[PDB]
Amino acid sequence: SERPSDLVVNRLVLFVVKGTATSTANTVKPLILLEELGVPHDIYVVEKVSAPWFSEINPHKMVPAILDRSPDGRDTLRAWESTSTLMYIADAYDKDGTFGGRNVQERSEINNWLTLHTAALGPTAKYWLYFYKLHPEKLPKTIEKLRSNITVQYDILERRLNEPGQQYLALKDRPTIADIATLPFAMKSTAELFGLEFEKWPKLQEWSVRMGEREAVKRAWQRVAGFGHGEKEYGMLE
């Protein structure tokens, strides 16, 4: 119909935009999981999220989005909303439940902390960033209240990581899609952007550093910054 010629779905295709300091907070999430699990995937750099062909993939017209083959390879499926892309990759490629949860007990906590980010810190940070930069008029009282609500979320995450042996948000033993979803909005660089002293949440800061030291996380940050700055600017990367 209206898809670009280079949009081929032979394996998982992760839709992103050109890498900047402000454009990668959400697209890095599925990329971290793909790197952790070693999932074969392509990167598609979307020039215009407003493009009609892209709205048929994601009606919310934002990155990240995924196109992928169905398990039997006879059909195509889609994932959109960053949390949904994490849930999809876990469902399709994490059958052992290393990042998705191995049992009902593990999944119960993973979904609690994943949903907390999806419903509270995620949208609050999104609205803060909107009213701070994007909104034509400046509403500083609304900006301050959203800033305050971020500290309330940081307080909840700090208290969780102060529980005995609770090294990660969901599970004590290893990171999950809950940790991956939270990390971009709960690290020193993002705290400085909000105008907050991240040192006020010591266990949360320690957690962000521990997550940051993971090879998959380092590779994901490096790659997501680079997308659209290579020999090919837009479309399917080589």
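Residue positions are given as counts along the sequence shown, with the first one as 1.
Student: Please compare 53 to 61 with 173 to 181 and name the stretch with the higher mean C-alpha B-factor in the deposited structure.
Tutor: It is 53 to 61 that shows the higher mean C-alpha B-factor.
Student: Out of 98 to 106 and 126 to 134, which one has CA B-factors that are higher on average in the deposited record?
Tutor: Per the deposited B-factors, the answer is 126 to 134.
Student: Using only the C-alpha B-factors in the record, can you name which of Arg78, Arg160, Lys145, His117 has the highest?
Tutor: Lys145 has the highest C-alpha B-factor of those listed.
Student: Which one of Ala191, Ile66, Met211, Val45 shows the biggest C-alpha B-factor in the PDB entry?
Tutor: Spelled out: the listed residue with the top C-alpha B-factor is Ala191.
Student: Taking the entry's C-alpha B-factors for this chain, is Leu14 in the lowest, middle or highest third?
Tutor: For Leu14, whose C-alpha B-factor we compare with every modelled residue in the chain, the answer is the lowest third.
Student: Considering only modelled residues of the same chain, in which third does the CA B-factor of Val152 rank: lowest, middle or highest?
Tutor: Tercile = middle for this residue's CA B-factor.
Student: Would you please rank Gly38 by its C-alpha temperature factor against the other modelled residues of its chain and give the third it falls in: lowest, middle or highest?
Tutor: Middle third.
Student: Among all modelled residues of this chain, ranked by Cα B factor, put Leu31 in the bottom, middle or top third, i.e. lowest, middle or highest.
Tutor: Lowest third.
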